[PDB]
Amino acid sequence: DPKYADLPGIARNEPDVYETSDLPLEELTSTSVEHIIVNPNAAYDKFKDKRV
Amino acid sequence: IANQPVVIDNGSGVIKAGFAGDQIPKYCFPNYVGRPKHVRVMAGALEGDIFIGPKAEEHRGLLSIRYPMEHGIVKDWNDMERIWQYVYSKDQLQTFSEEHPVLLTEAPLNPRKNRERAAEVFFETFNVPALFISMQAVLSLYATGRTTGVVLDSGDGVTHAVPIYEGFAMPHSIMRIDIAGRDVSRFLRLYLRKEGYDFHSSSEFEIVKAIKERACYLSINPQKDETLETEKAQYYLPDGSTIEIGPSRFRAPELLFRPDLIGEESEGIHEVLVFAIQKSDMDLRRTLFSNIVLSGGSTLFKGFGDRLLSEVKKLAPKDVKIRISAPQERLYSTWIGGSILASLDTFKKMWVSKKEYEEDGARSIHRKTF
Amino acid sequence: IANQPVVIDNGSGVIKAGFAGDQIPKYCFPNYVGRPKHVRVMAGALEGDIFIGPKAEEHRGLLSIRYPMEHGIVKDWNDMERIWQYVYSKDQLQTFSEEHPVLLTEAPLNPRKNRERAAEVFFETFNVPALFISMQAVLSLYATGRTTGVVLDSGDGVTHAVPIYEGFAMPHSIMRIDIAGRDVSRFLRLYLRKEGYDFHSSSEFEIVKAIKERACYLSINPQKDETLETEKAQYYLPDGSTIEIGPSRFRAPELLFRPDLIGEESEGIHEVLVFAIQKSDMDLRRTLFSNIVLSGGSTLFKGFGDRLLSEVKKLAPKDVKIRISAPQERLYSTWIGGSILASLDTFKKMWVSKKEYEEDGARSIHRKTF
Amino acid sequence: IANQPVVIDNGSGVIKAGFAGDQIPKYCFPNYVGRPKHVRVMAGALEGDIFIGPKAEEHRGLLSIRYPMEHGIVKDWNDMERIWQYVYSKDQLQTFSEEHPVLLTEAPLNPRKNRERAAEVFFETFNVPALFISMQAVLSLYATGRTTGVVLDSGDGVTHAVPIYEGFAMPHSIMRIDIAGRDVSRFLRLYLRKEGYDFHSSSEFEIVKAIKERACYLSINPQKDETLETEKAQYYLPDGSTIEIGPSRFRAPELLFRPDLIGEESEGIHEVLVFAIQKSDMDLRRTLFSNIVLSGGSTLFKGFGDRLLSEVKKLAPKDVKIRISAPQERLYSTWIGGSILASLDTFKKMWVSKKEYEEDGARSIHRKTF
Ligand SMILES: Nc1ncnc2c1ncn2[C@@H]1O[C@H](COP(=O)(O)OP(=O)(O)O)[C@@H](O)[C@H]1O
Ligand SMILES: Nc1ncnc2c1ncn2[C@@H]1O[C@H](COP(=O)(O)OP(=O)(O)O)[C@@H](O)[C@H]1O
Ligand SMILES: Nc1ncnc2c1ncn2[C@@H]1O[C@H](COP(=O)(O)OP(=O)(O)O)[C@@H](O)[C@H]1O
């Protein structure tokens, strides 16, 4: 307390902070959809030269 | 000038951006412009006073929320300009909006004024050298590597279905109804108000969206569960509170299959798919029923594909092979396919250059968009 | 041209002062006016007929002390003129009011007549060049250096809570009850009268205040400690006698958490904090329950915040971290924050200039309330 | 067993009840439970610990008022039970709770639990032979002759808009905000605190209501009187004091037209009605704009009709004729409609028998909700 001793009513002998106890999606795995892997690299290798 | 093009994937609820070539859209954020409600006092607080992005998600309660794109139609162009600037900002891409061609995305059957004004923005404010607006079905097909298959997607605002047979889009076989995830969230808010848990603030609506995205399932038997008793599973709010949802957790996503609940004569998603298939020829319905690629955000409910197969089998003719495939990252299908398409060599001819826009204008966009 | 501004921090019981850029309020004195009770007879007695400052404390038994600011509302404007002149007198500041800007502090939800008459005083009696009336919660946040927090202060006459998240104040979640230190002192005077001790003199009320500030603590379990007849601790006097307080040293500070003892139906301090947090948004409650900042003089009792934690746990939702951060500078937090606020650069444009007041009038100060 | 059904207008501000067929409600006492605050010492004092209606309106100062129902949702069931028992008591009806059918109104969109518990009280504590729950919109149409219209009621707790056309209600167009007379009185209280007059007791809260009903009006423009800073009309208190108001006898009722003042994003009463009309079918707009019915006590402010007309006129499309039927029985319209409906014989088919509820339960009430 560098500059906080000169004041008359600064309370001490008490803790500053009063805390409490510090204590501590499924549709992708369904059965009616044949889920496909995207794999963009394979699709790019597929559509590599199919011009338009 | 033809650098790595920018694949901007719009969405009425969750925007998706990122450069072409990335296997995952590295920069995704919700599509809402948040601005503070309360009066600022302390000097040195948050600045800008228009929050877009993760800052709008971290300080949800502090700000108001208003969406600029409803049912795939842009309602506020100023907010979308700010959102696109945020896409090019220092927090998402850190690049200039003139050194890259832009690949935008739109839902089909949208009004022509959206396409017009959107390209006006990307060619007047942002001085993009080349823009190419395109659908979403084609992009999900480029992502899955296929060339056929009916693409059905239930995004946040548009639930459409566009069938494609070996790279031949059938424009008149497109069904689009504006009954989507945002409306399911709204119907859920209505049932919660009928429960007691009355969420009404704009920034509080996101909590309803989280509840929908988390504690909601679609029962296979519609009336059997729709008329019986529930179990009232509890849910924890961000307050630290507890909410007993109950019967609304299953009646809220039923809206997607029967829009009579909201009081609107339309069709369910299954009728959208069935009618989109039946509107085509007679020598394609077998290949279309055997190839259904789901996508879109709202096609993630627990017990969704089950009810789709049940409804489709009730509607499709007997002994017809019905298959429903879907990608793994269902939320980033269209963007991945956009990255694939924009990373090709035909994309040099697919776009619309700036000089083309200076010569013709809106007409060139309407011509080269199809 | 401008000089170092003066932070005339008000208070219902203690008025702090000091120039900006300082770290300690060098001139603190009680906010009361003392005038002689008896008759002057001798030649060479005290002169002045009005005594403010340490001189009043030096001659308490000779003066009829009377407070001019009750519950944050100025009741005697002439006495406040004397007090503010004493602030600018040759004993506390030794400067002129025409050469310094003023940072006045007011409690929230005060009547408009206080702001308007304060404007007329500091702009018609004192020819102050610039005045800026600010709140008291924001200043304590400036003093602690934080940006978020629920400032729960308790002055001599007004206890209030203003939840502020990330520098933004919520003017609708501000609770304010007129039950604080002065009223607890009056209630303690009543209990000492019920114990067999008279303190009817107004100058003796200071002795009652000394009893409150020196031998009073907050019991955790109220009635459980009320049933136990304590040791009846003995306290001295500024006379030399001895008073046995007894049970009226723990239930006297219970007025802050139970306004029913004074017969006035209102909320407790814990209910003020909990209701001030519950009246805010949904996504802004864990951070507000965390950053609980205390201020004000009345929050210095023994076991104050411990009972506050217990009561808050009784009202906050289950398993939420609460941090009642009570710094050691709770008495002068608002002044320290006033020094920080006036010592900035934006403060030059935050105030109301004298020319602005001459042009508009009260309207100018009403526009810059926050 | 049935003879002259008992109509009950279970309103959160005042409960209006009488028998069926009565042209006027005979008993309209306020909806609050008055308990004493001061101990009884003298024998022969007032009897009982619960004061309801006429007794809790004369001895108001002695009491502490607890409103049972808030925003059309019951909080303390005990209090509502006591109020209903007061209705069947000797001083009010002298009847038994087993000899008459009961028509108890309810606001729309209330949670299911209110309907369930309300019937549980009327079928368990009271052994009512017949109970029917209605809407507080249809009844106003009955008591006003019309069959097609937009019922815009504003009770003391919940305002809403129900568009009914040719006897058919369009439930999806029902808009409902929970901002009414209570909030206006409470906000008037905050304005008096800003004008220096505090009120914190529950017994003095009705004096705030008294001020509202006797001195509040609505300006046709929000800014033509705002910056004018008009006169301060005095108003006497029940003791003999004096309150001058000025900018609060019009600033407090604008909370209905813009609830942003209370710090809650919602829609104003005009937006409630206009959105309830615009959500209805395209062909039904002109008939709903020409048939607007007012009800509820908050629709009695001075200049309310002119403000409502001008706001709708701003929001309605050009040249559409807007007629707002405003009967003189806005407080008793819903009750008179109840006296009409219960005097018919179709009501016999519309209620629920006791055995119906015993064999079914809550399900029977949700079945006959409309
Ligand atoms: N687990 C989930 N269950 C149900 N809906 C979900 C889930 N996760 C996300 N959603 C929905 O997905 C939507 C996002 O879809 P989106 O990809 O934005 O479509 P678009 O990009 O066409 O707008 C959100 O509106 C949300 O409602
Ligand atoms: N050490 C202490 N312990 C308990 N109460 C105190 C203490 N110091 C001051 N108080 C109370 O606080 C009051 C002063 O609080 P203060 O913060 O000055 O109020 P204000 O700033 O509104 O004048 C005094 O009236 C006294 O009752
Ligand atoms: N003459 C009046 N002018 C303005 N407001 C009134 C008047 N009389 C009553 N009120 C307000 O309207 C309310 C009447 O309650 P009411 O509208 O019947 O509520 P409910 O419909 O729930 O019974 C009162 O509580 C008061 O707030």
Search result, residues across the range C:80-119 that are among the hydroxyl-bearing types (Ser, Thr, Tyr) and either within 22 Å of the chain's Cα centre (by Cα) or assigned by CATH to the domain that holds C:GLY155 (or both): C:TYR86, C:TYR88, C:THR105
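What tally of residues in the range C:219-260 results from selecting those that are assigned to a loop (DSSP other than H, G, I, E, B) and under 29 Å from C:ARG60 (Cα atoms)?
18
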Does B:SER310 satisfy being under 23 Å from the mean Cα position of the chain (by Cα), of a type in the set (S, T, N, Q) and within 11 Å of another protein chain (Cβ to nearest Cβ)? no
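Look at the range B:89-107 and say how many of its residues are surrounded by 18 or more Cβ atoms within 10 Å (Cβ to Cβ) and not β-branched (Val, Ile, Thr).
Summing the residues that are surrounded by 18 or more Cβ atoms within 10 Å (Cβ to Cβ) and not β-branched (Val, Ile, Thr) in the range B:89-107 gives 9.
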Cross-chain or 6+ apart pairs with Cβ under 7 Å, the range B:291-303 first and at the interface with chain A (Cβ under 8 Å from one of its Cβ atoms) and of a type in the set (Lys, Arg), then more than 6 Å from ligand 1 (Cβ to nearest atom) and not in a loop (DSSP other than H, G, I, E, B): B:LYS302/A:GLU26; B:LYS302/A:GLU27; B:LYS302/B:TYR217
Are any residues in the range A:31-52 out of contact with any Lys or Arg (no Cβ under 8 Å at 6 or more places or on another chain), within 7 Å of chain B (Cβ to nearest Cβ), outside any helix (DSSP H, G or I) and under 30 Å from B:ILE322 (Cβ atoms), and if so, which ones? A:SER32, A:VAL33, A:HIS35, A:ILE36, A:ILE37, A:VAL38, A:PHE47
So which residues in the range D:120-153 are under 20 Å from the mean Cα position of the chain (by Cα) and closer than 22 Å to D:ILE83 by Cβ, if there are any at all? D:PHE132, D:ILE133, D:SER134, D:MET135, D:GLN136, D:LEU139, D:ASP153
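With respect to D:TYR236, determine if the residue is within 30 Å of D:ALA107 (Cα to Cα), surrounded by fewer than 16 Cβ atoms within 10 Å (Cβ to Cβ) and away from ligand 1 (no atom under 16 Å from the Cβ).
no
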Looking only at the range C:257-275, which residues are under 23 Å from D:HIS38 (Cα atoms) and among the hydrophobic types (A, V, I, L, M, F, W, C)? C:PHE257, C:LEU261, C:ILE262
From the option list D:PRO163, D:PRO222, single residue qualifying as surrounded by 15 or more Cβ atoms within 10 Å (Cβ to Cβ) and away from ligand 3 (no atom under 13 Å from the Cβ) is D:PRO163
Name the one entry in C:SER185, C:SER140, C:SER173 that is within 14 Å of another protein chain (Cβ to nearest Cβ), part of a helix (DSSP H, G or I) and of a type outside the set (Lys, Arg). C:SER140
Given the conditions (1) within 11 Å of chain A (Cβ to nearest Cβ); (2) surrounded by 15 or more Cβ atoms within 10 Å (Cβ to Cβ), and given that B:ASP345 satisfies all but one, which numbered condition is not satisfied? (2)
Which of the residues that make up the range C:316-342 are within 12 Å of chain B (Cβ to nearest Cβ) and part of a loop (DSSP other than H, G, I, E, B)? C:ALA316, C:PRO317, C:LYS318, C:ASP319, C:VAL320, C:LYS321, C:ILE322
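Does the range B:200-216 hold any residues that are part of a helix (DSSP H, G or I) and either touching a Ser or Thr at 6+ places or on another chain (Cβ under 6 Å) or over 11 Å from C:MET282 (Cα atoms) (or both), and which are they?
B:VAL208, B:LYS209, B:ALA210, B:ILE211, B:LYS212, B:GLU213, B:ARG214
Here is a list: C:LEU273, C:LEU288, C:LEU308. Which entry is in contact with a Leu (Cβ under 7 Å, 6 or more places away or on another chain) and assigned to a helix (DSSP H, G or I)? Steps first, answer last, please.
Numbers: C:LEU288 fails: in contact with a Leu (Cβ under 7 Å, 6 or more places away or on another chain); C:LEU308 fails: in contact with a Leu (Cβ under 7 Å, 6 or more places away or on another chain).
That would be C:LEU273, the only listed residue that is in contact with a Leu (Cβ under 7 Å, 6 or more places away or on another chain) and assigned to a helix (DSSP H, G or I).
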Looking at (1) over 28 Å from B:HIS100 (Cα atoms); (2) in the same structural domain as B:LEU62 (by CATH), which is the one condition that is false for B:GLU226? (2)
Restricting to the range C:1-41, name every residue that is more than 21 Å from the chain's Cα centre (by Cα) and either within 14 Å of ligand 2 (Cβ to nearest atom) or among the aromatic types (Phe, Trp, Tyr) (or both). none
In this structure, does B:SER173 turn out to be within 16 Å of ligand 1 (Cβ to nearest atom) and touching a strand residue (DSSP E or B) at 6+ places or on another chain (Cβ under 7 Å)? no
Does any residue of the range D:69-81 turn out to be of a type in the set (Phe, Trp, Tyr) and within 25 Å of D:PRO108 (Cα to Cα)? yes
May I ask you to list the residues in the range C:143-158 that are part of a strand (DSSP E or B) and either small (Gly, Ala, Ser) or assigned by CATH to the domain that holds C:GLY361 (or both)? C:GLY149, C:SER154
Is it true that B:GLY44 is more than 16 Å from ligand 2 (Cβ to nearest atom), within 14 Å of chain C (Cβ to nearest Cβ) and surrounded by fewer than 22 Cβ atoms within 10 Å (Cβ to Cβ)? yes
Would you check if there is a residue in the range D:265-277 being touching a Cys at 6+ places or on another chain (Cβ under 8 Å) and among the aliphatic types (A, V, I, L, M)? no
Answer with yes or no whether C:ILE65 is in contact with a helix residue (DSSP H, G or I) (Cβ under 9 Å, 6 or more places away or on another chain), of a type in the set (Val, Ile, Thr) and either assigned by CATH to the domain that holds C:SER298 or not in a strand (DSSP E or B) (or both). no
So A:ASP22 passes all but one of these: (1) assigned to a loop (DSSP other than H, G, I, E, B); (2) surrounded by 10 or more Cβ atoms within 10 Å (Cβ to Cβ). Which condition number does it fail? (2)
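Can you work out which of the residues in the range B:1-41 that are of a type in the set (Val, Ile, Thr) and within 13 Å of another protein chain (Cβ to nearest Cβ) is surrounded by the most Cβ atoms within 10 Å (Cβ to Cβ)? It would help to see each step written out before you state the result.
First pass over the range B:1-41, keeping only residues of a type in the set (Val, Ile, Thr): B:1, B:6-8, B:14-15, B:24, B:33, B:39, B:41.
Checking which are within 13 Å of another protein chain (Cβ to nearest Cβ) leaves us with B:7, B:24, B:39, B:41.
On the way: B:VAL7: 30, B:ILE24: 14, B:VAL39: 12, B:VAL41: 20.
Filtering the range B:1-41 for residues that are of a type in the set (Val, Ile, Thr) and within 13 Å of another protein chain (Cβ to nearest Cβ), the one surrounded by the most Cβ atoms within 10 Å (Cβ to Cβ) comes out as B:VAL7.
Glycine also receives a Cβ, built like all others from the backbone with ideal geometry; neighbour counts cover every protein chain displayed. Numbers and lists here come from the model and the stated rules, or from a named source; none is laboratory data.
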